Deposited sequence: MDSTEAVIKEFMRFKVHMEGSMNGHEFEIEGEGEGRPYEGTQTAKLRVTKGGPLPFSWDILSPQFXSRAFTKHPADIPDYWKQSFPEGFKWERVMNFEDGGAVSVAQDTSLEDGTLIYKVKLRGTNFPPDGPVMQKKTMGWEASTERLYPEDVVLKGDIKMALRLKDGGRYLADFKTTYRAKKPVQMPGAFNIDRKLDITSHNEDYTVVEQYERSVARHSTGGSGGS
């Protein structure tokens, strides 16, 4: 296959959060069939960010989910052309994030391009006050619709001073060529920030994810 047992990626993000413009550049690697990956991201413009890194972390890698042999891998089949995805995140306090992504394959490397816009975060809320400390383990509930894959997640940010801050995620994943469609299925996942400098201008993350039947 095009997707080897070890792969590297490069990522660029252009974004705004409550009108604060920034850019991120990074590189990552992982074992796509084992469902494990890491990335190291750097704020290249608009740092230090006046908001929680956790908003950005799920925007940095769909080739890296472990699939059982009986669930066709929507993303791995799409190569070498790749896929796009688009997402809306709606937080309990009215925060809203729109995200668009392109994934390609160039010079043996996966290439990610991301655009993000967040708005309506309360200025004294936990996102703009950097009061979150990472996402809980999640289950993405996916289903095919014609040639696209749709997924929904109930996501929960841990708050530094106690409790949880909830968001609904809705994503559509769009292969650039026809692939064999899976049935409905779930991805169980955990995303961790494994290292960061004090002002989160340099951040390492780690995801593990595994597809299973409903």
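Engineer: Could you give the ranges of the deposited sequence that carry no C-alpha coordinates?
Structural biologist: Unmodelled stretches: 1 to 5, 66, 221 to 227.
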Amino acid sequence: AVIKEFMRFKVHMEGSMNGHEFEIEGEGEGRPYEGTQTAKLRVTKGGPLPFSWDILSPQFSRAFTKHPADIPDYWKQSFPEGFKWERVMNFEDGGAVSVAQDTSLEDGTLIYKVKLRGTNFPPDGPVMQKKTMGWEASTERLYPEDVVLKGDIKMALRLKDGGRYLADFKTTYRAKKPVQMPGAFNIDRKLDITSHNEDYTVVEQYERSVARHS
From here on, numbers count along this sequence of modelled residues.
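Engineer: Please compare 166 to 174 with 64 to 72 and name the stretch with the higher mean C-alpha B-factor in the deposited structure.
Structural biologist: For C-alpha atoms only, the mean B-factor is higher in 64 to 72.
Engineer: Looking at the entry, does 51 to 59 or 178 to 186 show the higher mean C-alpha B-factor?
Structural biologist: The deposited B-factors put 178 to 186 ahead on the C-alpha mean.
Engineer: Maximum C-alpha temperature factor per the entry, among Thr139, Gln129, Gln101, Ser104, belongs to which one?
Structural biologist: Among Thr139, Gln129, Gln101, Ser104, the highest C-alpha B-factor in the entry belongs to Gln129.
Engineer: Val147: which third of its chain by C-alpha temperature factor?
Structural biologist: Within its chain, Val147 is a highest-third residue by C-alpha B-factor, going by the deposited values.
Engineer: Sorting the chain's modelled residues by C-alpha B-factor, tell me whether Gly35 ends up in the lowest, middle or highest third.
Structural biologist: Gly35: CA B-factor falls in the middle third of its chain.
Engineer: Please place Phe79 in the lowest, middle or highest third of its chain according to the CA B-factor in the PDB entry.
Structural biologist: Ranked within chain, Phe79 CA B lands in the middle tercile.
Engineer: Would you please rank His20 by its C-alpha temperature factor against the other modelled residues of its chain and give the third it falls in: lowest, middle or highest?
Structural biologist: For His20, the deposited C-alpha B-factor lands in the highest third.
Engineer: Within this chain, which third does the Cα B-factor at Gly28 fall in: lowest, middle or highest?
Structural biologist: Its C-alpha B-factor, which the entry lists for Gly28, ranks in the lowest third among residues of this chain.
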